[PDB]
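Everything on this sheet refers to the single structure shown next.
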Amino acid sequence: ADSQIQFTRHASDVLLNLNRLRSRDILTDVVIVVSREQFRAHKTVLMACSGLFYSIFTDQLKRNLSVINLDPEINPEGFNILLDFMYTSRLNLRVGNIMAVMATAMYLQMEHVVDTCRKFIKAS
Ligand SMILES: CN1CCN(Cc2cn(CC(=O)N3CCOCC3)c3cc(NC(=S)NCCc4c[nH]c5ccccc45)ccc23)CC1
C-alpha cells in the first residue's frame, strides 16, 4: 500500500544479496549455455528481467529444465554483460561491446536495455 513505510534501499539490497548467492552458486537452478560458455543463474531473476526467459520458464512444458541452450549466434560477452545487469542494475556499455550487447538484449526481450542502447549509439 502507498500508506506503508517505504525502505528505499530494500530492493537494491535484495538484489545485491541475490548476486552474492549467484557468486556462491547457492540455489542456482539453471545453466545458460552460450556457444562454448556456461552461466549459472536463478530462473526467477531471469524471468523477472527478460521476456525470453519469462516465456520459456512460465510454460509448464519447459519450466523444469535445468539447461537452456541459447541461439549459438549470441555473443557470450554480450550475454554476460546483460546477466550482470540483471543482478546489479548496472549496464556496461562500451564502444567495443555496444553492438553485441544491443543485439543480445533484443534477443532476450529486454526493451528498457534496448532503448538505452539506442541512446548510447545516439550519444556517441
Ligand atoms: C508490453 N509488453 C511487451 C513485452 N514485454 C516482454 C517482457 C519484458 N520483460 C522485461 C521487462 O519488461 N522489464 C521491465 C522491468 O524491469 C525488469 C525487466 C519482461 C519480463 C517478464 N517477467 C515477468 S515476471 N512479467 C510479469 C508480468 C507480465 C508481463 N507479461 C506477462 C504476460 C502474462 C502474464 C504476466 C506478464 C515478462 C515479460 C517481459 C513485456 C511488456
Side-chain angles (χ1 to χ4, degrees), residues 1 3-34 36-58 61-117 119-124:
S3 63
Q4 302 175 5
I5 298 169
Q6 301 196 40
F7 284 61
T8 69
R9 295 293 283 154
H10 177 75
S12 56
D13 289 337
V14 169
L15 198 68
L16 173 58
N17 282 347
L18 293 175
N19 201 32
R20 287 166 168 169
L21 293 174
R22 177 171 68 109
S23 74
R24 302 181 64 185
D25 206 43
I26 297 178
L27 289 173
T28 55
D29 54 2
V30 71
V31 56
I32 306 301
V33 175
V34 184
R36 322 176 85 207
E37 296 261 10
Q38 299 181 12
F39 303 88
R40 300 194 52 78
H42 304 99
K43 292 178 189 179
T44 50
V45 174
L46 298 184
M47 285 187 81
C49 296
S50 161
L52 180 69
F53 287 128
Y54 173 86
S55 70
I56 291 173
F57 300 119
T58 198
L61 302 159
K62 301 177 176 178
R63 186 173 297 176
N64 298 121
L65 291 175
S66 60
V67 183
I68 301 292
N69 296 288
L70 296 190
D71 179 1
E73 297 298 326
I74 297 303
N75 171 251
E77 192 187 1
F79 177 82
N80 187 64
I81 288 170
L82 292 172
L83 182 63
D84 279 349
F85 163 78
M86 298 184 191
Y87 277 90
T88 65
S89 308
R90 304 191 175 193
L91 183 64
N92 181 28
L93 291 189
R94 295 156 132 165
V95 291
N97 65 33
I98 170 69
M99 306 304 301
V101 173
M102 187 175 224
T104 310
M106 295 176 51
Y107 171 72
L108 293 182
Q109 309 172 204
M110 306 168 62
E111 300 101 49
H112 299 60
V113 173
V114 171
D115 194 12
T116 293
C117 290
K119 301 180 187 173
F120 189 94
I121 183 53
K122 188 187 194 317
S124 296

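Atoms considered below: every heavy atom in the structure, side chains included; atoms not considered: hydrogens, waters and symmetry mates. In what follows, residues are counted from 1 in the order of the sequence shown. Numbering of ligands and ligand atoms starts at 1, following listing order.
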Residues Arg22 and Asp84 bridged, charged N to O under 4.0 Å: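 Yes, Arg22 and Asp84 are salt-bridged.
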Is the shortest side-chain N to carboxylate O distance from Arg40 to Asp25 below 4.0 Å?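 Judged by the 4.0 Å cut-off on N to carboxylate O distance, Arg40 and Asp25 do form a salt bridge.
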Does the protein put any heavy atom within less than 4.0 Å of [atom]?
atom                    : value
atom 27 (C) of ligand 1 : no
atom 15 (C) of ligand 1 : no
atom 24 (S) of ligand 1 : yes
atom 7 (C) of ligand 1  : yes
atom 1 (C) of ligand 1  : no

For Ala48, which part has a heavy atom under 4.0 Å from ligand 1: side chain, backbone, both, or neither?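 It is the backbone that gets close, since no side chain atom is under 4.0 Å.
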Any non-hydrogen atom of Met110 lying under 4.0 Å from ligand 1?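 Not so, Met110 does not reach ligand 1.
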Taking the side chain as every heavy atom from C-beta outward, state whether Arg63 and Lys43 have any atom pair closer than 4.5 Å.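 When only atoms from C-beta onward are counted, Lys43 and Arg63 do not touch, as no gap falls below 4.5 Å.
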Just to confirm my output: which protein heavy-atom neighbour is closest to atom 10 (C) of ligand 1, and how far is it?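 Scanning the protein heavy atoms, the shortest distance from atom 10 (C) of ligand 1 goes to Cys49 O, 3.4 Å.
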Looking only at protein heavy atoms, identify the closest one to atom 38 (C) of ligand 1 and say how far it is in Å.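 Looking only at protein heavy atoms, the one closest to atom 38 (C) of ligand 1 is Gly51 CA, 3.9 Å.
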Tell me if the CD atom of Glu77 is crowded by more than 12 foreign heavy atoms within 6.0 Å.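 12 or below, so no.
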Please check if the side chain of [X] supplies one atom and the backbone of [Y] the other of a donor-acceptor pair under 3.5 Å.
X     : Y     : result
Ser50 : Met47 : no
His42 : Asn19 : no
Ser23 : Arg20 : yes

Residue selection (non-hydrogen contact nearest atom 13 (N) of ligand 1) among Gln109, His112, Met86, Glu111: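 Nearest option to atom 13 (N) of ligand 1, by heavy atoms: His112.
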Option whose closest heavy atom lies nearest to atom 33 (C) of ligand 1, chosen from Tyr54, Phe53, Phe57: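 Heavy atom nearest to atom 33 (C) of ligand 1 belongs to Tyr54.
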Just distances here: any N/O of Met47 and N/O of ligand 1 closer than 3.5 Å?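 Checking ligand 1 against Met47, an N or O pair does fall under 3.5 Å apart.
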Write down the atom of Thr88, the atom of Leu15, and the distance for their closest heavy-atom approach.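 Reported closest heavy-atom pair: N-CD2, 3.8 Å.
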